[PDB]
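Quick notes on the structure that follows.
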Ligand SMILES: *[C@@H]1O[C@H](CO)[C@@H](O[C@@H]2O[C@H](CO)[C@@H](O[C@@H]3O[C@H](CO[C@H]4O[C@H](CO)[C@@H](O)[C@H](O)[C@@H]4O)[C@@H](O)[C@H](O[C@H]4O[C@H](CO)[C@@H](O)[C@H](O)[C@@H]4O)[C@@H]3O)[C@H](O)[C@H]2NC(C)=O)[C@H](O)[C@H]1NC(C)=O
Ligand SMILES: *[C@@H]1O[C@H](CO)[C@@H](O[C@@H]2O[C@H](CO)[C@@H](O[C@@H]3O[C@H](CO[C@H]4O[C@H](CO)[C@@H](O)[C@H](O)[C@@H]4O)[C@@H](O)[C@H](O[C@H]4O[C@H](CO)[C@@H](O)[C@H](O)[C@@H]4O)[C@@H]3O)[C@H](O)[C@H]2NC(C)=O)[C@H](O)[C@H]1NC(C)=O
Ligand SMILES: *[C@@H]1O[C@H](CO)[C@@H](O[C@@H]2O[C@H](CO)[C@@H](O[C@@H]3O[C@H](CO)[C@@H](O)[C@H](O)[C@@H]3O)[C@H](O)[C@H]2NC(C)=O)[C@H](O)[C@H]1NC(C)=O
Ligand SMILES: *[C@@H]1O[C@H](CO)[C@@H](O[C@@H]2O[C@H](CO)[C@@H](O[C@@H]3O[C@H](CO)[C@@H](O)[C@H](O)[C@@H]3O)[C@H](O)[C@H]2NC(C)=O)[C@H](O)[C@H]1NC(C)=O
Ligand SMILES: *[C@@H]1O[C@H](CO)[C@@H](O[C@@H]2O[C@H](CO)[C@@H](O)[C@H](O)[C@H]2NC(C)=O)[C@H](O)[C@H]1NC(C)=O
Ligand SMILES: *[C@@H]1O[C@H](CO)[C@@H](O[C@@H]2O[C@H](CO)[C@@H](O)[C@H](O)[C@H]2NC(C)=O)[C@H](O)[C@H]1NC(C)=O
């Protein structure tokens, strides 16, 4: 049914441009630099410990022909080499500023970082006054403010893009950026940074080092998500006033000292993972409020990695308000869940109809899909990539799955989704490396195996119809692929080395899908769909977090070029509030399957706290809270550190 | 000069026996079971998280024909599968008892472990009363006493080899064995085991659970090396009376709370690694005494992994009293050191003469050899195996090296040694997997690369002359190799899967080197050598730790079959004591290069402690202590927990 297009092999072979770099010692990196420019950097990095100094000139290449023809520019990288952990630090989006943190063969004063500002078309060298411990970090408000960490725990900042390097503090553990060039960092005061792990001091500077202000003492670490600011004392504190107020988080249970973990922090609320007594590897997800202080139960049996803390929690970026994670069950098996109201109510993933298990083993109960993510990756399962979802391409999600078999754990297979996670379908066999470009118009996949591959699998209709193309007759060992950074982008680049019967030489392939996408998608090529509605009312067919939006979708076998935004509703319409448009309240949880939020097995009734006590005004109510960000009206009536 | 033997390709091809297992889902394991029997087990294991229960029948194969012909015995492993972390637990040496810790597809009561006692020729099934968290541990005094850890932190013991399973304690964190069926284990008392990490209680039972005795409280963890017993409070305690006395270790420096790490514990002394202030990744090695209480400085700049604690410390098992580790230097480069008096005096590795750097770059100072070990492996360097040394084959050490270049860090190359580490020589290019058999008479190596290999490299004269053999025309992706477990053993087994243009099917190759080793090594094929002497006196040419022993060595191009012990001195002769026959004393260190132990920069003079104070009798002396185990006489005159 998927058919084909105007015989595509000729159009791809004309657009598949190969360049060979021959012998390149070390691991080869590759990255595009901006769109509508055709600049590709090829840097060789060495996995060398940071403490040791040694010789070696890392090679560097640059193509200004959209990857059609490269040019050796190692002349710049003379007597210098870049480590693998360092790599290439690419500027954010249209900044076009790349820095290469290198080290001299025998240099001792500091590293020789190479800076460019015109999308890596020409560089300017400079010598750091220190040996950098971490790669340069960018500032959000301006890309010309650089953060660095010295080997002697020295914090340096650059106001003029590597020009001047002033030091901020000499006893800095870790440091991050904040809203509008705000720099947060912890500080030790006795020998080693890691020696004072149980008690540090978190500072903050609003003027890039000139004004300091101690914001927190006796701390494990700190974080920064959304508009929030966190600090771990175990105990945890949430801050909104940039650290001026650290009201502790209050939770229903936590009998002893349950360990906490911030899953993800939206600009509205923040997810937190709290463990269970006796470890055992499961916990519960707590959903906060508009301030991130009071938390409500959201999900049980939440699996996490016992050694690390990673979990299958995934933010479906395609659809707003959809998240996916894996949990245990009554039969102690692996099952993944999904929510459509941002942690309000979770539900089981409906098994894919066009997949092979409902007819394979119906007598056996367990064969639900398991979307692999960071929990499976942390457990060293054969999972190359986490679920992928681009916000421009709404609904589109691609990930690795499993059907509750030991073979599917070793071989996950690749699943697709256009409903934003509500419905799935197995499309590819085995592990793959996939990428999304053209705002979902193209989805390229590459097989992950021990055998040298030479085939690329792509789909031009949002993963509905997959085509197979052999980009070369010399099978390469896959090293990686890169996408051109554009909303309308259509070139990609695959690179790897060939087995040439000794003397393995590298080679990069750059493919352009323009001649494939001849036709422009007319209105005859689209279909209109609505997000899944967990509400039974007919006048609420897609009110994700309050409002209803209509989206469009390329039809099957669509080999055309899209240029429209996948959301057709310019100004969305607000629906009346629903039961799923409301989050559970404190001390209340929504049991499995059912949709009515009931009381947690308690009767005494509590009333939170506020850091050093000073409790609430006691709001009883039932167990429903307006979801932070859910814009609806009517429908259902609701009831420390110095 | 190395020549060849009576055209060996025919003798190997007749002894190279191949068997194909076809499609085997999961990772394939293989292991011999005793010598002079020809039993090989081939088990497929799955890398599945322990918490989840799922379906799957793991396949099992057994060959009773020395690997010439296998036989499918999956009939036993019915509705059961073995995880990768579990694998096959092989009995110690001539016990011939193998257990396969499996799990039922839907079983919940406990695992179905399969036990055998006649070298895996026939098994007996049994159902565990619990889900095992760890693989069975063997007891030293008797192989029929099994230790296990339940998923609910339950400690179980088996008196009759899986027959009866009695529980010992319900709140057990970790547990190990001890001298004569003694079981040591820590215990928690508040919710989780890991929640009470700062304070546990270490118990001990001498009668397999009937009599308990609390031996230590407020503990991080515990260890057991040699005849010693350790407990971490940071602080560390050393015990000899099986835990009845925990006299704290005293060290010269340690200004604040330097972190400690026990490197290796001999039956005489014990090495300890103590970190430096500010981390930075280097520390000092401390050598203890005959009791392991008072420690002396031994080496500076000792590199360790900052995230984990691994270090290049290696026990050269071939020569008694030789150890190797890597340290920093004045030029902040990587250099490995070696001692011949068991931590008494370290010296730089003399650069290999027949290697390419002394003529490549003499103007540049740094190009010493760097023997890779656990420090490089922990840093994820391309190092497959640590240094290998079998005690039967004296002098023989094989390891991966480096010459202080970024390329040599990515590609280590394989170095050999017959002087026990004093002299080295590069023999093979690139990373390899190597093994030793025939008590050093055969040394097999296999190339480690991304390309499917079909060539085996071996040497029949203690790594002096290497030969190359192509064991098949179907290149396989190397999975692993196994050696027959015998002092006179001569079969090996290599297994892996072939790229068959999809449907990769497995295949195992078993090679016998008997027809290669026709001749028996007469006295015309040996040479006599003595261990390196760090002493200038001529009448002490090889007095390692006191006594002098004469060893023998197969000459170059020796293609014969040895049957003699490589140490010819039946009763060794005691040398008079030397300066290297004495260890530095407390508060004294031996500086670099020179051999005179001098004072640590201190003048006040201290006098140790004894747990709750009660200090010493103040023995001043200079800075020399008799090495624990060094048997010499004359020559040089020398001067907590409840
Ligand atoms: C799952 O993934 C989705 C992505 O689809 C995430 O949603 C994104 O959330 C981020 C924020 O977390 C959005 O990014 C930007 O947030 C800015 C907030 O910064 C302001 O903070 C304080 C608030 O008082 C201000 O005082 C301060 O001055 C900062 O300005 C917004 O300001 C941004 O708005 C921007 O929009 C226009 C668009 O062109 C810009 O030009 C403006 O300059 C303006 O700054 C923006 O909202 C991001 O937009 C969200 N994505 C989408 C698609 O909505 C979810 O957060 C994530 N889930 C979780 C749990 O993390
Ligand atoms: C570097 O590597 C070398 C290996 O070459 C290590 O040397 C080995 O050390 C181990 C011990 O650590 C030796 O193994 C055995 O140790 C036993 C000690 O157990 C006794 O402990 C107390 C002591 O009072 C006794 O009361 C108790 O009852 C135990 O018996 C010895 O007893 C062993 O002797 C055995 O020898 C014969 C040989 O046939 C046996 O049949 C006997 O049953 C007897 O038990 C043995 O010594 C091992 O032998 C050492 N190897 C060599 C080649 O000497 C180094 O320790 C290691 N370096 C470091 C730092 O760990
Ligand atoms: C995918 O790759 C192709 C080529 O590999 C890119 O097409 C190239 O786009 C550039 C930019 O427009 C073209 O250069 C232009 O040439 C004209 C005429 O010489 C000149 O007037 C412009 O100033 C500009 O230099 C280039 O000719 C063109 N090459 C081909 C073969 O079409 C394409 O842009 C890439 N895809 C994306 C999304 O960028
Ligand atoms: C390396 O492998 C070879 C074969 O792959 C092993 O040789 C085999 O050794 C066994 C044990 O002695 C021999 O079996 C014996 O056969 C005789 C006569 O039938 C019988 O009387 C004995 O009771 C015993 O069963 C077997 O014939 C022999 N095979 C060959 C081809 O020689 C060899 O032992 C292996 N190496 C080592 C070190 O074990
Ligand atoms: C760049 O590379 C060149 C050659 O590879 C280096 O030039 C040599 O430098 C040394 C000492 O720096 C001089 O003694 C030689 O005379 C130079 N060669 C020539 C032909 O003049 C140069 O050092 C490298 N750049 C840096 C910064 O080290
Ligand atoms: C061993 O394997 C056999 C077949 O693969 C299993 O036999 C079946 O068991 C189920 C329930 O246990 C019965 O309903 C079937 O009738 C059995 N098959 C036949 C042909 O009789 C057997 O269960 C497996 N062993 C275990 C312990 O599960």
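Protein chains in written order, with the UniProt record's numbering: chain W, 85 to 317, 325 to 730, 740 to 742; chain Z, 85 to 317, 325 to 730, 740 to 742. Note that the Cβ used here is the ideal one computed from N, Cα and C, for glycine as well.
Straight-line Cα distance separating residue j from residue i
i                      : j                      : result
residue 680 of chain Z : residue 463 of chain Z : 26 Å
residue 429 of chain W : residue 513 of chain W : 8 Å
residue 227 of chain Z : residue 173 of chain Z : 12 Å
residue 644 of chain Z : residue 472 of chain Z : 33 Å
residue 98 of chain Z  : residue 568 of chain Z : 23 Å
residue 537 of chain W : residue 648 of chain W : 20 Å
residue 105 of chain Z : residue 541 of chain W : 19 Å
residue 267 of chain W : residue 684 of chain Z : 48 Å
residue 426 of chain W : residue 249 of chain W : 51 Å
residue 484 of chain Z : residue 511 of chain Z : 10 Å
Cross-chain neighbours of residue i in chain W, by beta carbon under 9 Å
i                      : result
residue 594 of chain Z : Result: empty, since nearest Cβ-Cβ is about 11 Å, beyond 9 Å.
residue 482 of chain Z : In chain order: nothing, as chain W lies at least about 31 Å away.
residue 496 of chain Z : 138, 139, 140
Contacts of residue i in chain Z (Cβ-Cβ under 9 Å)
i                      : result
residue 568 of chain W : 541, 542
residue 501 of chain W : 109, 110, 111, 130, 131, 132
heavy atom of ligand 1 below 7 Å from residue i C-beta
i                      : result
residue 382 of chain W : no
residue 263 of chain W : yes
residue 579 of chain W : no
Per-residue DSSP class, three states only, for residue i
i                      : result
residue 125 of chain Z : strand
residue 614 of chain W : helix
residue 99 of chain W  : helix
residue 462 of chain Z : coil
residue 469 of chain W : helix
residue 529 of chain Z : helix
residue 477 of chain Z : coil
Cβ-Cβ separation, residue j to residue i (assumed contact under 8 Å), whole Å
i                      : j                      : result
residue 365 of chain Z : residue 394 of chain Z : Rounded, the Cβ-Cβ distance is 14 Å, inconsistent with contact.
residue 414 of chain Z : residue 405 of chain Z : 7 Å
residue 214 of chain Z : residue 238 of chain Z : 6 Å
Chain W residues whose Cβ lies nearer than 8 Å to that of residue i
i                      : result
residue 471 of chain Z : 131
residue 341 of chain Z : Result: empty, since nearest Cβ-Cβ is about 20 Å, beyond 8 Å.
Under 8 Å from the C-beta of residue i: neighbouring residues of chain Z
i                      : result
residue 137 of chain W : 422, 423, 424
residue 273 of chain W : Near residue 273 of chain W there are no residues of chain Z at all, since even the closest Cβ is about 12 Å away, more than 8 Å.
Residue i beta carbon near ligand 2 (any heavy atom closer than 7 Å)
i                      : result
residue 355 of chain Z : yes
Near ligand 6: residue i beta-carbon under 7 Å from a heavy atom
i                      : result
residue 162 of chain Z : yes
Residue i beta carbon near ligand 3 (any heavy atom closer than 7 Å)
i                      : result
residue 120 of chain W : yes
residue 152 of chain W : yes
Neighbour list for residue i in chain W, Cβ cutoff strictly below 7 Å
i                      : result
residue 276 of chain Z : 368, 369, 370
Neighbour list for residue i in chain Z, Cβ cutoff strictly below 7 Å
i                      : result
residue 165 of chain W : 497
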